[PDB]
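Protein chains in written order, with the working numbering: chain A, 142 to 272; chain B, -19 to 113; chain C, 142 to 272; chain D, 87 to 389; chain E, 661 to 976; chain F, 661 to 976.
For reference, the structure is listed below as structure tokens.
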Amino acid sequence: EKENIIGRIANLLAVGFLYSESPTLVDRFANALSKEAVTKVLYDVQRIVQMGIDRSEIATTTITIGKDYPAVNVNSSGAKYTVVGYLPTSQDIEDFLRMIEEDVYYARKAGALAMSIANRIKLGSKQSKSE
Amino acid sequence: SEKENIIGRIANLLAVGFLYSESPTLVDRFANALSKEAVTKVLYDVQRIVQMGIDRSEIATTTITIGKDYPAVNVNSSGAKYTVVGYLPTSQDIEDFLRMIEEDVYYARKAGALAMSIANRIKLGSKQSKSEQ
Amino acid sequence: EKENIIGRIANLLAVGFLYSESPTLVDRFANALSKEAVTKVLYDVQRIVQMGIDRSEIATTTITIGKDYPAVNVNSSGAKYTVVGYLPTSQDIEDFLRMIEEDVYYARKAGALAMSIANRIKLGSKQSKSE
Amino acid sequence: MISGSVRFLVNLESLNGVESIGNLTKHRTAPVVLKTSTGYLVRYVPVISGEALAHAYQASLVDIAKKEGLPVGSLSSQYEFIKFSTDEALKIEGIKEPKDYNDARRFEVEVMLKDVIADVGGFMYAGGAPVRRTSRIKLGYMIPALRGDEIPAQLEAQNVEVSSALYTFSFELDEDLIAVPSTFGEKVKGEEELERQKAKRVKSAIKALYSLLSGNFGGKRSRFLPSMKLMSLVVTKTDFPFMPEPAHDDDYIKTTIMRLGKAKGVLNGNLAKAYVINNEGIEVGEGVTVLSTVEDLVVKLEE
Amino acid sequence: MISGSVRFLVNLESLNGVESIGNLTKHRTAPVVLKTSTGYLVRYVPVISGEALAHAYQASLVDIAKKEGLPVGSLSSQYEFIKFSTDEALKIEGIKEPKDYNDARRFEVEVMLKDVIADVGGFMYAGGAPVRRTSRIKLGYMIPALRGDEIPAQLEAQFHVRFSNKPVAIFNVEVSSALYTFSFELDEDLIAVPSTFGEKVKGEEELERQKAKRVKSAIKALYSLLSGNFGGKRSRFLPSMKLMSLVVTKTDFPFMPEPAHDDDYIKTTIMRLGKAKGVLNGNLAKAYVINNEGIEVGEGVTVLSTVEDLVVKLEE
Amino acid sequence: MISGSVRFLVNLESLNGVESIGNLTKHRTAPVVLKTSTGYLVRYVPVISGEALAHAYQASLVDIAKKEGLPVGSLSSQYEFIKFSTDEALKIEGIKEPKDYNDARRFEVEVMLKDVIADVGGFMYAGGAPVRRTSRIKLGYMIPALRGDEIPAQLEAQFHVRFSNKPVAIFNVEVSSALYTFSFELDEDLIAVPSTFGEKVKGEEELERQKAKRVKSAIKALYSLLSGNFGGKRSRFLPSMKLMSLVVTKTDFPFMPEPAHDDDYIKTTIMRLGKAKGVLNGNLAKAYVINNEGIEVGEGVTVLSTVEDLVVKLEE
DNA sequence: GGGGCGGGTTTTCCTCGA
């Protein structure tokens, strides 16, 4: 369940990064040495995602990868991205903050996963444009 | 085995990062790692170097005929051209590799040894072709 | 092709021994009873060779022995040595490790060849200094 | 050396903006540590960067130099202070890159004869033969006074953020190094022109401070023009290193005057003068010249 | 000896830098172990290295020596303190390398009569006959006070852009605010005195003549450190500094004042100084205290107002 | 005997060094076995060797002896403690080597009347008739407290550059921060007493006369160790030290206080001291405690404030 | 709009005796 929480936080960070086109929040999250820095990023990334939701540029969907998987569609600057997985719940944020209060290592783990998701999606999108 | 394929793809990532940066420092850190922290830090830093090479169009995926087409990565560094044969790791390969490291840090040494072998063979071949020309 | 791989591994061990002036890695290789010991030596010897390459004290060359043969020049402590042959490729290391996973005997064979190369070169270098 | 501390009173201004989130423009804020009877508190307070002040000062210097006749660079003629950093700027200006260390001085002199801004404000060249010239004018962030147990600063939203506060800031300027090469080496042709123009360059640099001391800086002045007013100002002219006390405590003129006297006593100084402008009726002391406006201060400094 | 403990309050600060990642300039950070009511904890806090303080002190000493006529080395005339470590420096200055051990003293004297910086801050020469000279001024890292359960320090990042009419220019700078504390030690009884053991060598008379001036210059050079003239990035990030507490002790025997971590560190160090003078059979022990925060001091203690008065008293 | 346990808190520290790799200077590290709720684990933690502490103690003893008029050896006058191991030292000092076993005592006395360092810290001579003298002061490695499941220690590397106007200058330094603990033992009842068995030899009367002064100097020399004057790299990496807990026991029988690893190690050692005095038929057992962290102490225990008071009480 | 450059360490000692 700890890995599932970390994976859902990583999906939130990856969606926020792909939508904003800025690594700054993921950099802040992966370099955090206090609960203050982690919590500030968790707010700021959700505030970016909230704007994308209100603009209908961020939406939940299902995608067939032959069973349907939960996904998040992100439209940014005319690029379309799809992140596979769920976004964190309020309980996931609270349980993740409790994990951070024990060990800030979990912020680095979530940041490393988020950057991996974003890099793979950006590479695939650039390859399809070149073809 | 799927574990060997993951290790081989991590070794390709480390070799691409080494050839592009011209620095062994990340491979040295990876092969000497005694904790998951050191391994994960190198996996980020090498991918960050590869990301810059991708954005500059100095790192690109390609196919090469060695008579079937094999996946490869072209690397341009300091006017030298290198070609690493194989795939780069997926996000799932990084995650499964980190789980292997959480069980046994030996797999970081195995990937580092393979990465240095790939880089050494490519550097030797590139120096020989320059001496002949 | 197995003998060619073993010969290229023996050349790597001989170059590492002549450059480091230490038999310790060849001793470890020839006494190996596990893939762990063999793989550790293959890394450590290549790490020594990498330092010699960066210092330009180890270089590939050709030598006429009337056709040109591939060779490796080694400069150590003001002594000059020349090992005749190629260094192993990444594929040779991988195929050699597969041979070791079947039978650790091949590490003893490569170690015996490496020590023979190094001994012949050291004897010739001492004779020329005495003359 | 000319050092100074100044206190301003600003109401309903938005002069420096930072990264915007959604449809809201954010004012710059920084943390500060404040001492109270109960202990220490960490408070977030609006601030203004010093780079904007430097930009305004350099723009005023460019305008004054162009009006006078001193040389100005091609790019610097436009309000784009990239200076001689990249090869493109050198190509546009038409200056050969340095060859080795021995030639560095020459290169510097050349640049120093083509742009007054590159002289007063310094510059940096990165490459095979890097070159440097530290700025002759030093500024810092603008922070409200951290006096008492209450910070007299407010910030609100209107979306646009608008603030109000009692700001304070200090500045330094060394006029003894203007029109002087900062690299060690044999003399090269062209230094005579620099010696000739030293006086004019120094006068222009001194004059340029009027813009900052008057309140001509910051952005968003088209629709959010602020209402500024000067309250307290201290300026010191010496021949040795010195720095007046920050304008945080109510009594910082007397302390700086006493410290100036004792510093002249200790450091074997020869010249030490102080000018004070007071409008809030705070303690001053004795043996100090009292002015009425900033123009008189500028005239006296020039004289 | 002169031993001092100083407390400073600095806001919106960036004087020390480390390796940069991407477009972000980072501030030096170090781990600290702190005691709370629940036990002991480990935290990461911004710090400032002591090498910057040493460089500032040596530059001020160079300026004072040049103003007062004392000799200054050719390379040390420019603010590059390589001293006499490598052979290139010796060739530039023009001093022959030592031949054997017995000649080492001579070499030291030759180094000591040309640059005051080598005399005060020490130097090293590596070779067949290595020569060592320990610095006569000792400093340390600048650490904020570890008082209570909350560390009074904070670090953040700031956003900056460069204007251009033809976009084709964005960076971040780390800024910290804290209440720093640091201590220093300076033994003036060994200035202008050779350290290598050996026989008498011609040229010591000049050192004896110049000893008083060298000691006076070394004492004067502390004004820059006590005032706040150190660190980098002062062109656009000039910090706001304010002295809060200062203790200075002059003794004829080794002594170390208490670190400025607790609110009561003046009474304790004065009592310890008295008892140490009693127990170690000393003959001189004086203390000076500058207080601006209204904390407990004690009785029978000289109280000053500024730092210049302290410098004058130390010189006299 | 005098047996002590001391706890220190040190931040941004590098006093002990080991072999260097590349441009990196490394800090000494050792393995430790620690007990957690899940069992037993092995960790690698920075440590400080006891030889540096012994060198600092011996240097302070040399200074005190020279100040008080006690004899000091020629080689030991310079801070080089080779003592009388080799024949070159004997030739320099001017002491004839022992002839047979029966003469060994005489040689010991000749060594013992010239250098207090040989008397206190012991010495060795190897040859036809070897002579041994065990040190009267015993120290150990400085290890951080192994309390709880998390070790309160940290180690990192720092980046430094050397400025030069003509690049053709980069190094790294290891810095640690921890809460160190260490114990020491000193038996003052055997100072100025020959150890080799034999017959009476002329010159013991002078030793009996000087015994009191030697004991006083040996007791005084502990002030440097208890204050924090030890280790290297103090010129640019001066550490911040602060005493937290100290226990000192004076007994007429062998005794060892509990190590400073657990939060409750004063009550336990006091109870053990009482029971040991009861069971071993002793006649003297005194304890002194210095506490600054508010941990449990006990009842009927003398409480001090500083270290100088402890030194004075031990001397009296 | 996803920075650039110059630096990646130099000596000295490698056990003595029964």
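Here a beta-carbon is modelled for each residue, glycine too, at the ideal position from N, C-alpha and C.
{"Query": "Short CB-CB distance (under 9 Å) between residue 246 of chain A and chain B", "Result": "yes"}
{"Query": "C-beta contact flag for residue 673 of chain F and residue 838 of chain F at 9 Å", "Result": "yes"}
{"Query": "Per DSSP, the bridge partner or partners of residue 802 of chain F", "Result": "F/708"}
{"Query": "Residue closest to residue 260 of chain A, alpha-carbon to alpha-carbon, out of B/16, B/69, B/101", "Result": "B/69"}
{"Query": "Chain A contacts made by the stretch 690 to 706 of chain E, where a contact means CB separation under 7 Å", "Result": "704"}
{"Query": "Beta-carbon proximity list for residue 707 of chain F, same chain, < 7 Å, skipping 5 on both sides", "Result": "688, 689, 690, 801, 802, 803"}
{"Query": "is_contact[residue 4 of chain B, chain C] using C-beta, thresh 9 Å", "Result": "yes"}
{"Query": "Top-ranked residue by Cα proximity to residue 191 of chain C, from B/113, B/111, B/98, B/109", "Result": "B/98"}
{"Query": "Any C-beta of chain E under 9 Å from that of residue 808 of chain F", "Result": "yes"}
{"Query": "Contact the stretch 775 to 785 of chain F vs the stretch 718 to 733 of chain F: 3+ CB pairs below 8 Å", "Result": "yes"}
{"Query": "Check whether residue 700 of chain E and residue 807 of chain F have beta carbons under 9 Å apart", "Result": "yes"}
{"Query": "Spatial neighbours of residue 726 of chain E in its chain, beta-carbon cut-off 8 Å, leaving aside the 5 residues before and after", "Result": "732, 737"}
{"Query": "Where residue 24 of chain B sits in the DSSP three-state scheme", "Result": "helix"}
{"Query": "Chain E contact for residue 241 of chain D (CB, 9 Å cutoff)", "Result": "no"}
{"Query": "Per-residue DSSP class, three states only, for residue 761 of chain E", "Result": "coil"}
{"Query": "First and last residue of the uninterrupted alpha helix (DSSP H) at residue 936 of chain F", "Result": "927 to 940"}
{"Query": "Any 3 or more C-beta pairs closer than 8 Å across the stretch 237 to 247 of chain D and the stretch 208 to 225 of chain D", "Result": "no"}
{"Query": "In DSSP terms, what residue 117 of chain D is bridged to", "Result": "D/130"}
{"Query": "Assigned exposure category for residue 203 of chain A - 16 Cβ within 10 Å defines buried", "Result": "exposed"}
{"Query": "Buried versus exposed, by CB contacts within 10 Å (16 or more), residue 206 of chain A", "Result": "exposed"}
{"Query": "Below-9 Å beta-carbon distance, residue 684 of chain E vs any chain A residue", "Result": "yes"}
{"Query": "Identity of the residue in D/295, D/218, D/306, D/296 nearest residue 270 of chain D by Cα", "Result": "D/218"}
{"Query": "Alpha carbon of residue 244 of chain C to alpha carbon of residue 77 of chain B, nearest angstrom", "Result": "27 Å"}
{"Query": "Contained beta strand (DSSP E) runs [length at least 3] in the stretch 810 to 884 of chain E, N- to C-terminal order", "Result": "813 to 821, 830 to 838, 840 to 846"}
{"Query": "Whole-Å CB distance - residue 124 of chain B paired with residue 95 of chain B, under 8 Å assumed", "Result": "Residue 124 of chain B lies beyond the stretch modelled for chain B, which goes from -19 to 113, so this question has no answer here."}
{"Query": "Stretch-stretch touch, CB-based, cutoff 8 Å, three pairs: the stretch 356 to 372 of chain D with the stretch 306 to 325 of chain D", "Result": "yes"}
{"Query": "C-alpha gap between residue 900 of chain F and residue 176 of chain C, whole angstroms", "Result": "49 Å"}
{"Query": "Below-9 Å beta-carbon distance, residue 713 of chain F vs any chain E residue", "Result": "no"}
{"Query": "Cβ neighbour criterion (16 or more within 10 Å) applied to residue 916 of chain E", "Result": "buried"}
{"Query": "Any 3 or more C-beta pairs closer than 8 Å across the stretch 85 to 92 of chain B and the stretch -18 to -5 of chain B", "Result": "yes"}
{"Query": "Best match in D/131, D/107, D/122 for proximity to residue 184 of chain A [C-alpha to C-alpha]", "Result": "D/107"}
{"Query": "Residue-chain proximity (residue 75 of chain B, chain A), Cβ-Cβ < 9 Å", "Result": "yes"}
{"Query": "Cross-chain neighbours of residue 149 of chain B in chain C, by beta carbon under 7 Å", "Result": "Nothing can be reported for residue 149 of chain B: it is not among the residues displayed for chain B, which extend from -19 to 113."}
{"Query": "Residue environment, residue 262 of chain C, which counts as buried when at least 16 other CB atoms sit within 10 Å", "Result": "buried"}
{"Query": "Buried or exposed by the 16-neighbour rule on C-beta atoms within 10 Å, applied to residue 180 of chain C", "Result": "buried"}
{"Query": "Residue 202 of chain A (DSSP reduced to helix, strand or coil)", "Result": "strand"}
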